[PDB]
Each structure stands twice: as C-alpha cells, then as structure tokens.
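> One structure, as structure tokens, below. Some questions next.
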Ligand SMILES: Nc1ncnc2c1ncn2[C@@H]1O[C@H](COP(=O)(O)OP(=O)(O)OP(=O)(O)O)[C@@H](O)[C@H]1O
Ligand SMILES: Nc1ncnc2c1ncn2[C@@H]1O[C@H](COP(=O)(O)OP(=O)(O)OP(=O)(O)O)[C@@H](O)[C@H]1O
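Numbering (the deposited numbering), first residue to last: 42 to 404, 437 to 672, 850 to 888, 917 to 1172, 1209 to 1441.
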C-alpha cells in the first residue's frame, strides 16, 4: 500500500470497478475492500495474537519460581535466578511485539479512510440532477464526517473477535484441578457480568441520542443571541433572553443527570467484578484440601487475565466490528445512485433545434414541458420570458443535457458556456475566476472586462487582479458577483451562450449598457439565448418565446405577438415605463397579465425519602446477579458455610456502593452552576472587551467547554478514584514487606512525570492541527456542491479532484504526525515499567525469602500491576485537558431639546477616536437628520447615544446629563431601528413581547397601527405563529415595522432610523414614513440618510466628516455649502 491519496484511489477504484463491472446482481464494496485489506491486516493480527498469549504463560512461570523457595527438594538459587530472568524477558518481548503491531493497524485504517473519501467525492460530482433534490444535504456531510474519527481506530480491536476464543479456551484448558469446576464458578460470574454491562451500555445510548437533539436547539438559540448583543442591550431585553437559555439548559440537564447515573454504575460494576473473580477463585481452596500457595498465586493471576479478555477485549471488538460494517453498507448505498449522463458532442449543426420535445423532472410530475419546438440559426438572438415556474430555466437544463427528453430530440452545435441565476463565489483570486480553467490572454481579457464594465470596481481592489475573494464574498456586492459571473461566461469561448437572469439586480443604466456592450457587440455573431423580463429585449430579439403553465403561449416575431395576442400586448403596454420597474415588479405584471389572458406511587415517594430503601435496592441487584451466576453453575447438575461467606461479600460491596452516590449529585450541581455563571457574565459584559473574541471564541468556548465538563468530569473522576485506591494498596503492601522496593521505585515515578510533561506540551499543540486541516475539507466540499452545475458545464471536474486530494493529503499528514508522537510516547512508558519490574522481581529473589509466601505475594503483585498502570497513564492525560478547560472558563468569570456638548467617542480607551468634540442641538419634536460619507462613523453617534462606546463630553436627555443616568433608562428613551434588524426565533407574541406585559388586544391594535395586521393574519396561528431562521419569511420592511411596534409599545421618545432607504424601495418607504409620522407625532425623529432627497424633509441638519461636523438650520444653507463643498 501507498501513503498518498492518488495511489490509494487507484487501487480502490480498480477493485471496485472490476467487481462492479462483474455484475453478479449486487456487487459489493465490502469485497473490493477485503481484497486490499486482508494481506496486511492478517499480519498485524497474528503478531498481536502472539503478543497477547504471553499473558497466559507468565503465571506458569511464577508458579515454578515460587516452588523453588519451598522447603521441598532443594534451594536451587540458580534456578530461581534464571527463571526470574526469563520472566522479565516475557514482559520485554511482548512490549516490543505488541506496540508496533497496533501502530500498523492504525496505519491501515487511515489508508482505507482516505481511499473511501476520494471515491465518494468522485461520485458526488457525477450524480444525476434528478436525485440531486432528494438526497438531503445533511446526509452527505454526515456521510463523510460521521466516521471520521471512528473508522480508523476501530481496526485496533478487530482481530479480537478472532483472538478472544483462543485465549478463553486456553485459559480454561489450563485450569489446574479442572474437574472441581471452579471454572464454571469463574466463568458463570464473568458471563453474567458481561451481559449486564451490555444491557447497561444500551441504555446509555438511548440517553445520548435524545440529549443530542436538545443540544442542537440550545446551540441555535445561543448563536442567535451572541451575534446580536447590541440589539439585546439596546432593547434592554437582557434577562428575558437569559431565561430562554435557562429553560434549554434545564431540559438538557434532566437528561444528563440520568445519563450520569448510567456511567456511575457502569464503573462501579467493573470494580465489583474484579473483586468477585478473585474471591470466587479461592473458594475451592477453602473448600476441602486447604491451601497450596504454589497454586493459589498461580490461580489468581490466571483469573485476572480471564476477567479482562472476557469482559473488555472481546465485546469491544464485537461492537466495533458490527458498526464498521453498517458504515460500509451506507457508503455502498450512496455509491449505487444514478449518474449524470454525458452529452455527445458532434458536428451535426451550426444552430440549435428542438423537435417535439416533451419532458419532465420526475415520475409523478405534472410539470411536463409540452411540445417544445425550436429552429435557431447560427448567430441568432432568442429572448425568452414567461410566468414564474413555466420552465423559465428548466428549458436551459434541457438544452445543456442535464434533463433528458421523454420524447423528441435536441440538437446543438458544439460547446456551451453557461451563466446561472445564482452566482458561484469560487473563493480565490478574482482574475482567476474570470478566466478560470483557461489560458490568460490580455487581448480577450481586457476586451471582456472592459465590455462587462468590471474595471470600474476591480481597479479599486487593493491587489487588483490578485485581490482574493474570500469566504462570504466580503469583496463583492450581489450585483458585482453577478457581473463577474457574466464576465466568466463570456471569457470562455463557446458556440452557444446561455444567460440566466442577466439583468443581475443591476441599476437600469448599467443594464442598458451591458445589453448593448455585451449582448449586441461583445457577443456578436454568437448564438445567444437570454432570459428576460424587458420588452425592449424582445423587440431586439430575432425570436420571441413566451411560456406559461408548461406550454408555449407564443413563439415567433415580435410583431406577430402583437398581431396575434393584441390584448396581451396592450395590457402590458399600459405599463409603458417598464424600465422603471424592478424585476420583481416586471414579474408580477407579466404573471398577472399572462394568467389573466388565460387563452409503586406510595413507595416511590418513600424511596425518595428513605435512603434506607435505596440501600436495599442496591443490595437487591447484587444478590440477583450472583443468583443468576449460580443458575449457570448448576450446569453441573447434568454448603451453608459457602452460602454464608458469599452473603457476607455481597453485603460489604453493597454498602461500598451506597456511600459514593452523593458524588453524582455533586457533579451535576457543579456543572449547572458554572454554565449559569458564564452566561450571566457574558450578558452583563462591557462593550469593546468582547471584541477580543468577536464571537469566535465566545461561541466556541461556550459550547465546547460546557460539553466537556458534562461528559468528562463525571467520568474521569470515578476512574481516578478506583485507580488511586488500587495503587495505594499495592505500594503499601510492598513497602511493608520489603522496604528496598520503595527505595527502588522512587526514581521510577520521577521518570514518568518528566516525560509526561514534555509530551503533553507538544501533543496538545499538535492537536490544533487536526482542526486546522479538517475545517477546509468541508469548505471545499460545500463550494463544489453549489458549483455543480458549472463544474459540469465547463469540464472542470479534474481540476477540483486535484484540489480535493491536496486537501486530503494535508489532513492526513497532520493526523499521522499526531498519531506517531502518541505511539512513541506509549512505547517509552511501557519500557520504563518493564525495567522497574525486572528490578523488583530480583529484589525479592535476591533477599532472604525464607518465609516463601512473602516472595510469592511480591512476585504476583508485581506481575499483575501493569493493567492498572496503563489506565493510570491515560487518566492523567485526560486530567490535564480538563484543567486547561477549567482555566479557559475561569478567564471569563474569575431634554426635549437634545443637547450634546463636546462629545467624543472611541472603540477602545487606546485605539482611535471615531468622533471628537462634537456639539449639537435638536429642537424638541424637530425632524432632524444626518449626512455624511459611508464609513464616516454614522453608527458611532448612535452607539454613543446608546452608551455602547468609550466616551467623553456632556449629553443632556430627559433634563439630565447621561452621567447621572444608568444604562437601562438612558437607553430606554431611544427607539432604534438599525440597518441590521434582529429577529428572535419563536412565537410572534414573544418576539414582540419577551416579557409578557402586553395583551393580545393591544398587540393587535399596534399591528393595525403599524400596518402589520394583515401580515400577522396571513401567518397561521397569528400571535401563536412561530417565526424561524431570522424571519426568513418576512420582508425586511416588515422587520422594521416589528421594530416600530416594539418602539411604540415601549413608549420611546427618541426615534432613530438607520438608513431605511438602504434596502427599502420607495414604494413602501413612503408608507412607513407616513405611518411613523403619525405614530410619533409628539416625538423627536432622527434620521441618518444617504441622499439629499430623503434628508430634505428634516428641518435641522448634521453634516459629519473627518470627526468634525457642521450644523445647518435650513436645507438651503446646507445646499449652498454642499454645492461649494460637493466633493
Ligand atoms: N430538478 C428539479 N426537479 C424537480 N422540480 C424542479 C427541479 N428544478 C426546479 N424545479 C421546480 O419546477 C419548476 C422548474 O422550472 P424552472 O426552474 O424553469 O422555474 P423558474 O420559473 O426558473 O423557477 P424560479 O423563477 O421560481 O426560480 C419550478 O417551478 C421549480 O419549483
Ligand atoms: N465598534 C467598532 N470597532 C471598530 N471598527 C468599527 C466599529 N464600529 C464600526 N467600525 C468601522 O468604522 C466605520 C464606522 O462607521 P459606520 O459603522 O457608521 O459605517 P457605515 O457608513 O454605517 O458602514 P456600513 O454601510 O457597512 O453599515 C466603518 O467604516 C466600519 O468599517
């Protein structure tokens, strides 16, 4: 196998294609994979087997070593000495064999994951356009992310399904004194515990899935709040929002608490089983014959090995193996989906023809285009219009071959250049997008960018042609993005050009210039098809096509339309000034014209009250499980003293469990408190200070830190308690029996501490790389999916495959490094442990072990100490991560005449002053407003009034200086409607009144007053209607009216309007102006405008530039100076 994506793909594709081609009904992905996998997998598998079997040998060697100190036979020092050497070698050898093999398995898992990803990517780019709208988008994201961190770890246990029965059979077969079947007592106990654990694990999954659903809801409201803190503060909404968070948090905790108990009992159950396999193991020796230390010590070590292989190594592989298979099956179902069918290029014609085409998207379709017919000569212009939905753009999909005809033929000449309705951002170099995938030629480039009028904006870009367009399109306005899409489509040399919604939401002036510049001259003699709403274009076009309800309304000469459907023409012409109508209005006019011219309970309470009932219930479970094991013991079918001793053991264990329950209670309480305090601290935060994170780390830390406290503190703590108790016992006993062991062990622990610290520093830093390399694989994917229509249209598939592979290679390189440092670390750790082991074995062997039982116990304690120690290493790693998270959390918590005198503002106490020494007066009830350049800090006056900025000077409102008024009332006076309006998701009643202070009747009265009564009536449920996704169903004008309704209910006196005109068409802007003037007849209205025509209705003006201002008492004084200063 290969170490790179290109090679891994070739191999997978060859086997997959060969089997898929060998069409034995249902070819399978799993077979293509086993043919790659098997010849490496099996070798690491056998090596691990050979490694693990060592554990089944080591106890035998100790039994003989122990025997050498017996009074029997002779004190053969030399034998004890050499056998001791052999034992320490067994530790060393398995260490040296096992770790390399585990590493190799992870290497394999990685290689397979990469091959699978490249296969999927290649497939998504070849999918049929029909199934494209049936496959949920969330499924492709999860198809790749769901097993991202699972598949490659899972192979580590895969060969255990195979190993487990070999070691179980051996350990069973090695039992000494086998017929007195202590074997069944042992196995019956372990078997019952294993099923118990499986059941409990299933309950854990139930809780995880339900909780996950609630988490997503909490996170959505959380990000909504975080990105709009200024509106929450401006509204003085505050704690109502805090309460919304509280109810979501409370819901999650109820589920979490139950999940926590599942985890608690799982861990104590594990402990319980440890005790009993050892305890049951000595029941034979108490029962008749008596004790032989030689055999007892041997017996216990074997019992320990069975516990672990039986309860943990086996079922882990079973669960892993099964889930992995299910993941593969899902991938296969995805791969086996209908393809995009390639278009066959030919030299049949020069024009475009359509012969009786009838077609539809899917089965059960009524949107069948009927009897479509064309004959277009080379170089002719076709203009198409029609009702929205009557195949306005679906026709283009037929032309390009995305949609097949059910009947008829489509003939075309050569290659097609296509520009879609919705621009594809293509993050990257702007010149490169214009000429993407083609050679640069300045002759053509200049001609196209000049003709398309790009120079007007692109020459203002800081790196010109090399200005990079980043994510979000922060460089370009929607009309500019459209302009680039045209330039790209034009730059490409094609025989046929298809222009989807070419008007581009552009100003009519440029729209005309582009049509003549491009449609007529730049595109001269090309065959063209334009989608259009302008009658002038139809007049210009050689052929006119109008569609309605899936069929042709009219096809022919412009004058033929007028001669054959004159009433249609006359009605449209009544709106003679069509160039003055936006596309939306042009669309409504044709839609209407065209359709018009149609042509238990008592005790439950006591159980909560009496903790003594809780104790009994704990004991009852313990009794039950032992009795079940007895049922299996009774297999022998085909005493009072034993009964007493086992009863005693159960009682003691039950009390031990009962004692620790308050810890679970405490853990849930603590994370609840921390979540609540962080939220409070963020809401009542200073402004400017939060700009250190700018919502990035705020959302990410808020979300992630809470999640880790809840899943790990309640888990890692219990493992630590058990591990701690074990080591205390182990050290205490050897220290007493032989003080030289202590002397020897002190430097051993020191060695581990130092290595650990070094390791964690570096590995914690490397971990950052997974996220850095991982994020872009998804950004790449999404971009490719949105661009699918053009990726095929222009033949760019291999370009993108190349980019995808480079991203994968980056990711795997970092992933691999992380894995490698971890493995090295673990190997070093194990070798240190191996060395102290050898030394300890010899301390015992060497000293005067004349009371041999003491020799035996030191040796078995040391031999079996390694299991616990491996857990301890990993637990220490988790602890350090938890403490780092705790610190990150802790870091956050441990006047009618408005009179403004000498006002100054900054974005921080350092920084820059955005406004200095401004003085300004507003007469009571006076309509006033502001003029200034875009980016002159207009919003910083509004924020200075809202007290969101570092500020100086004296503002007198409601008769007093701001200096004597707290933020809530100071802000209360100001009813502000920002350009970016915040919409709270949820029921309209709450969106408008989050406190429940207004009555429904009152709410309706205001809805009527502000013109939203018809809007709320239209939405089902009215006040009970739930508004979603930021008001995705509302006009932004409506959002402004909602804000208005809030302002009037709130009884604000100062009304602040942030350029409503920035987005609202005058046809409605005047309606809201009338509405608010009546609503605010007794109030003072302050407007920030972009144009003189709007500012014109004001009596006093504030004109701001360069952190200074000129006050005018009349528009004429403003105009006289503005003319002199019109620059
Ligand atoms: N691949 C598809 N499968 C099924 N239905 C589709 C598919 N693509 C679009 N549609 C729908 O069927 C019709 C397709 O026609 P077309 O896309 O030409 O309409 P349009 O008038 O261009 O759409 P609009 O102007 O509303 O964006 C639309 O009314 C749309 O709702
Ligand atoms: N709190 C802030 N910290 C840092 N920079 C800011 C802050 N507030 C605004 N800015 C920036 O400084 C200027 C502030 O002016 P303002 O926010 O009034 O601009 P605008 O003309 O309203 O811009 P837009 O049209 O994008 O809304 C802008 O050009 C913006 O880029």
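All C-beta atoms, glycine included, are put in the ideal place defined by N, C-alpha and C.
#1: Check this for me: beta carbons of residue 1355 and residue 1326, under 8 Å apart or not?
#2: Have a look at 278, 235 and 293 and flag the residue whose alpha-carbon is nearest the alpha-carbon of residue 257.
#3: Any idea which residues DSSP pairs residue 628 with across the strands?
#4: Do residue 242 and ligand 2 come close, with the Cβ less than 7 Å from some heavy atom?
#5: Along the alpha helix (DSSP H) that carries residue 326, what are the first and last residues, could you check?
#6: Please report the straight-line C-alpha distance between residue 83 and residue 360, rounded to a whole angstrom.
#7: How about residue 158 and residue 1378: do their beta carbons lie closer than 8 Å?
#8: Just to check my reading of the structure: residue 992 and residue 304 have Cβ atoms closer than 8 Å, yes? What is that Cβ distance to the nearest angstrom?
#9: Around the C-beta of residue 1060, are 16 or more other C-beta atoms found within 10 angstroms, so that it is buried, or is it exposed?
#10: With ligand 1 as the reference, list in chain order each residue whose Cβ lies under 7 Å from any of its heavy atoms.
#11: Excluding the five sequence neighbours on either side, which residues of its own chain have a C-beta within less than 7 Å of the C-beta of residue 1132, listed in chain order?
#12: Which of helix, strand or coil does DSSP assign to residue 250?
#13: Residues around ligand 2, please: the condition is that the C-beta lies closer than 5 Å to some non-hydrogen atom of it.
#14: The alpha helix (DSSP H) that contains residue 373, what's its start and end?
#15: Ends of the alpha helix (DSSP H) at residue 396?
#16: Spell out the partners DSSP gives residue 1245 in its beta bridges.
#17: To the nearest whole angstrom, what separates the beta carbons of residue 656 and residue 606, a pair I think is in contact under 8 Å?
#18: Identify every residue that forms a DSSP beta bridge with residue 485.
#19: Assuming residue 571 and residue 460 form a contact by the criterion Cβ under 8 Å, report the distance between their Cβ atoms to the nearest whole angstrom.
#20: Going by DSSP in three states, residue 1277 sits in which element: helix, strand or coil?
#21: Throw me the rounded Cβ distance for the residue 298 and residue 946 pair, which I believe falls under 8 Å.
#22: Would residue 626 be called buried (16 or more neighbouring beta carbons within 10 Å of its own) or exposed?
#23: Give the straight-line distance between the Cα atoms of residue 1227 and residue 1220, rounded to the nearest whole angstrom.
#24: Measure from the alpha carbon of residue 1233 to the alpha carbon of each residue in 1270, 1249, 1264 and 1162, then state which is nearest.
#25: Per DSSP, which one or two residues make a beta bridge with residue 1268?
#26: Bridge partners for residue 1372 per DSSP, in chain order?
#27: Assuming residue 1421 contacts residue 1229 under a Cβ cut-off of 8 Å, what Cβ separation, rounded to an integer in Å, is found between them?
#28: Taking DSSP as the reference, what is the three-state secondary structure of residue 1041?
#29: With distances taken Cα to Cα, identify the nearest neighbour of residue 1285 among 91, 81, 276 and 263.
#30: Below 8 Å, can you find three or more Cβ-Cβ pairs linking the stretch 1243 to 1250 to the stretch 1262 to 1277?
#31: Can you name, in chain order, every residue of its own chain whose Cβ lies under 8 Å from the Cβ of residue 670, other than the five neighbours on each side?
#32: Can you give me the Cβ contacts of residue 856 inside the same chain, cut-off strictly under 8 Å, excluding the 5 residues immediately before and after it?
#33: So residue 1291 is in the beta strand (DSSP E); what residue range does that whole segment cover?
#34: Based on the DSSP output, what are the partners of residue 1234 in its beta bridges?
#35: Should residue 501 and residue 541 be called a contact, given that it needs their Cβ atoms to be closer than 8 Å?
Inspection of the coordinates gives the following:
#1: yes
#2: 293
#3: 618
#4: Answer for residue 242: no, Cβ out of range of ligand 2.
#5: 324 to 327
#6: Residue 83 and residue 360 have their alpha carbons spaced roughly 20 Å apart.
#7: no
#8: 6 Å
#9: exposed
#10: Every residue whose beta carbon comes nearer than 7 Å to a heavy atom of ligand 1 appears here in chain order: 170, 171, 173, 174, 402, 403, 440, 461, 462, 463, 464, 465, 466, 467, 468 and 494.
#11: 1015
#12: In the three-state reduction of the DSSP assignment, residue 250 falls in the helix class.
#13: With 5 Å as the limit, the residues whose C-beta approaches any heavy atom of ligand 2 more closely are 1221, 1248, 1249, 1251, 1252 and 1253, in sequence along the chain.
#14: 355 to 376
#15: Premise fails: residue 396 lies in the beta strand (DSSP E), 393 to 400, not in any alpha helix (DSSP H).
#16: 1417
#17: 5 Å
#18: 393
#19: The pair is not a contact, with the Cβ atoms about 20 Å apart (cut-off 8 Å).
#20: helix
#21: Confirmed, about 5 Å.
#22: buried
#23: 4 Å
#24: The shortest Cα separation from residue 1233 among 1270, 1249, 1264 and 1162 belongs to 1270.
#25: 1215
#26: 1402
#27: 6 Å between Cβ atoms; contact.
#28: helix
#29: 276
#30: The answer is no - the stretch 1262 to 1277 does not touch the stretch 1243 to 1250, with fewer than three Cβ pairs under 8 Å.
#31: 638, 640, 641 and 644, listed in sequence order.
#32: 863
#33: 1288 to 1291
#34: 1214
#35: yes
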